[PDB]
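K.L.:
One structure, pasted below without further comment.
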There are 18 protein chains.
Amino acid sequence: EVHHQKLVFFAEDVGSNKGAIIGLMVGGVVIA
Amino acid sequence: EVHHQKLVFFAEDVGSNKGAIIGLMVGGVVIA
Amino acid sequence: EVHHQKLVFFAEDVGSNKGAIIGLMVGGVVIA
Amino acid sequence: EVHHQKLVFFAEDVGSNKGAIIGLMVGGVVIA
Amino acid sequence: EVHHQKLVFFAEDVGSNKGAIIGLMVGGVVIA
Amino acid sequence: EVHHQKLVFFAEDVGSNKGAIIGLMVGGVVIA
Amino acid sequence: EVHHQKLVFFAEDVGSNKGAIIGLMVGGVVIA
Amino acid sequence: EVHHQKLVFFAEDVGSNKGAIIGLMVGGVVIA
Amino acid sequence: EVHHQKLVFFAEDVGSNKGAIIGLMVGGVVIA
Amino acid sequence: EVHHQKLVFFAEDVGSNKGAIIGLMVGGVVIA
Amino acid sequence: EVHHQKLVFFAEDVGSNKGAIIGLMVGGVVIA
Amino acid sequence: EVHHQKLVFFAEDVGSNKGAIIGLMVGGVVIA
Amino acid sequence: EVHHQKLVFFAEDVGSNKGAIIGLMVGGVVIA
Amino acid sequence: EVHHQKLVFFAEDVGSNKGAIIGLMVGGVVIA
Amino acid sequence: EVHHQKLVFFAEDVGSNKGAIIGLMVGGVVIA
Amino acid sequence: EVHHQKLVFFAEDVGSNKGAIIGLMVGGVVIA
Amino acid sequence: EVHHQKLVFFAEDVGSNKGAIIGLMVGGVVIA
Amino acid sequence: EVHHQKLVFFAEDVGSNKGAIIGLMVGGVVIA
């Protein structure tokens, strides 16, 4: 029982979130 | 089941989420 | 041969979800 | 076995959130 | 409880967050 | 101790956070 | 005769935080 | 002058924090 | 002068902080 | 609008190619 | 190269293409 | 402002290549 | 043309290349 | 021609290269 | 705004190279 | 103001190189 | 009033280079 | 302090190098 690459983003309870972008390789992003 | 690679994004209870884009390779991402 | 890769997005008791997408290879994305 | 990559972002309870972007490599990001 | 590369960001109880960008190799970033 | 790399940023009870960026190789950051 | 790379920034109770940038190699940085 | 590296900045209860930058190599920094 | 690379800065309770930059190589730094 | 995302692994005039695998999200890869 | 996503695995005049696999998502891969 | 993302593992006029693996988010690779 | 983020691993006229592993986030790589 | 984020591991006229690994957030790497 | 993130591990006219490891945030690396 | 970030490891006219590791933040590096 | 931050490990005309490592912060380095 | 930032480990015309380690905050460095 062992993990290697643990990629968790916002993996939990949340109330209000605006503008969520997840990407190892990205570009040109505008969060209004 | 989670083994070695775990790619999760906002995997849980949420109240109000606006704009959720997940991608390893992407471009030009705008959120209102 | 066993696979140890896992990929997923938001998935649970959500209240107000507006604007969601998942893509390993995709460009040009706009959310309202 | 000396490979252990832990990537946890916003992995917890939160109230309000505005502007969330994650990516090992990116280019050009604006937060409102 | 041993980990080689540990990457923890905003991983805890938070009230209100505004402008959060995580990226080992980022460029041209602005937070309002 | 151990020959490992641990990175932590904002991992505790937080109230109001404005302007947060993490990048070992960042260039041009405007935290308003 | 030991060794370890520890990097902890802001890991406790915080109230009003304005301007947070972490990175070994950072160029052109400005906070308000 | 050789041993483990313990990099710790601001690891306690704090009220207000204005202009916080952490990084060995930093060029051109305007902390307003 | 010490031997171990213990870089500890502000590791206790603090009220209000105005301009805080931690790093070995620093150039063109202005605090308000 | 659509951004510009290129993903090239190899080019013409290869010659002797022995072992070439490409995968944005893949696990377990052994090449002779 | 263009205003879109272009994933190039191989090109002409390859000569000897031994061991070629392309998959956006897949686990367990063995090639001679 | 203009932003683009270009990823290239190799180029033309290679000659002889043995053992090539590319993956944005993978785990467990061995080359002979 | 102009480009912001460009991940170049190798170039033309490489000649002989043995053992090439390219990946943003991984864990567990071995080359003969 | 504004190469903001340019990550080059190798250039042209390589000749002979044995054992090459590139990764922003990787771990557990071994080369013969 | 002014900035530029340029990183190069090797240049033209290489010739002979063995054991190459490039990574901003990595750990546990052994080269023969 | 004008600020930039450059990071060069090796230059042209190399010839022969054995054992090269580059990383702003690495833990546990052993070369033969 | 600062120009910029630039770091160079080795220049051109290196010839025969054996055992080389670079990193703003490293823990546990050994060269044969 | 308010001045150009140019860190150079070694210059051109190296010739024969063996065990070259560079880094602001190093730890457990041993050269054979």
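Please note that chains go A, B, ... in the order of the structure tokens, that every chain numbers its residues from 1, and that ligands are numbered from 1 in the order shown.
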Near residue E:7, within 10 Å and counting only C-alpha atoms, which residues show up once chain neighbours fewer than 4 positions away are dropped, as a list in words?
P.N.:
residues 6 and 7 of chain A; 5, 6, 7, 8 and 9 of chain D; 3 and 11 of chain E; 5, 6, 7, 8 and 9 of chain F; 7 of chain G; 25 of chain N; 25 of chain O
K.L.:
As an NGL selection string, please: every residue in chain O that a backbone DSSP assignment puts in strand (DSSP E or B).
P.N.:
:O and (5-8 or 15-22 or 25-31)
K.L.:
Would you mind reading off the distance between atom CA of residue O:2 and atom CA of residue M:4, one decimal, in Å?
P.N.:
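Spanning atom CA of residue O:2 to atom CA of residue M:4 is a straight-line distance of 13.5 Å.
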K.L.:
Rounded to one decimal place, report the atom CA of residue H:18-atom CA of residue B:31 distance in Å.
P.N.:
28.3 Å
K.L.:
Could you please determine the separation between atom CA of residue Q:24 and atom CA of residue O:24 in Å, to one decimal place?
P.N.:
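Taking atom CA of residue Q:24 as the start and atom CA of residue O:24 as the end point, the length is 9.9 Å.
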K.L.:
Chain R residues within 12 Å of chain F, counting only C-alpha atoms: which ones, as a list in words?
P.N.:
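Result: residues 26, 27, 28 and 29 of chain R.
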K.L.:
Would you kindly return, as a PyMOL selection string, each protein, DNA or RNA residue with an atom no farther than 7 Å from any atom of residue L:21, considering only C-alpha atoms and excluding same-chain residues fewer than 6 positions away?
P.N.:
(chain J and resi 20-22) or (chain M and resi 20-22)
K.L.:
Could you write those residues out with N, CA, C and O atoms, as a PDB file, in the first residue's frame?
P.N.:
```
ATOM      1  N   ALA J  20      10.141   3.813 -27.984  1.00  0.00           N
ATOM      2  CA  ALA J  20       9.519   5.132 -28.027  1.00  0.00           C
ATOM      3  C   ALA J  20       8.064   5.066 -27.575  1.00  0.00           C
ATOM      4  O   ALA J  20       7.194   4.605 -28.314  1.00  0.00           O
ATOM      5  N   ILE J  21       7.808   5.532 -26.356  1.00  0.00           N
ATOM      6  CA  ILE J  21       6.458   5.527 -25.806  1.00  0.00           C
ATOM      7  C   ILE J  21       6.046   6.922 -25.347  1.00  0.00           C
ATOM      8  O   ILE J  21       6.820   7.627 -24.700  1.00  0.00           O
ATOM      9  N   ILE J  22       4.822   7.313 -25.687  1.00  0.00           N
ATOM     10  CA  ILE J  22       4.306   8.622 -25.307  1.00  0.00           C
ATOM     11  C   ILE J  22       2.926   8.505 -24.670  1.00  0.00           C
ATOM     12  O   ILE J  22       2.020   7.893 -25.234  1.00  0.00           O
TER      13      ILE J  22
ATOM     14  N   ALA M  20      16.342   8.001 -22.315  1.00  0.00           N
ATOM     15  CA  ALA M  20      15.781   9.343 -22.223  1.00  0.00           C
ATOM     16  C   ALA M  20      14.403   9.319 -21.570  1.00  0.00           C
ATOM     17  O   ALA M  20      13.441   8.811 -22.147  1.00  0.00           O
ATOM     18  N   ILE M  21      14.316   9.869 -20.363  1.00  0.00           N
ATOM     19  CA  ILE M  21      13.055   9.909 -19.633  1.00  0.00           C
ATOM     20  C   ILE M  21      12.618  11.347 -19.373  1.00  0.00           C
ATOM     21  O   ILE M  21      13.263  12.077 -18.620  1.00  0.00           O
ATOM     22  N   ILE M  22      11.515  11.746 -19.997  1.00  0.00           N
ATOM     23  CA  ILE M  22      10.989  13.095 -19.831  1.00  0.00           C
ATOM     24  C   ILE M  22       9.587  13.068 -19.231  1.00  0.00           C
ATOM     25  O   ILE M  22       8.670  12.472 -19.793  1.00  0.00           O
TER      26      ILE M  22
END
```
K.L.:
Fewer than 3 positions away in the same chain doesn't count, so skip those; otherwise give me all residues within 6 Å of residue K:14, counting only C-alpha atoms, as a ChimeraX atom specification.
P.N.:
/J:12-15
K.L.:
So that I can check the surroundings of residue Q:16, please list as a PyMOL selection string every protein, DNA and RNA residue that reaches within 6 Å of it, counting only C-alpha atoms and ignoring chain neighbours fewer than 4 positions away.
P.N.:
(chain P and resi 16-17) or (chain R and resi 15-16)
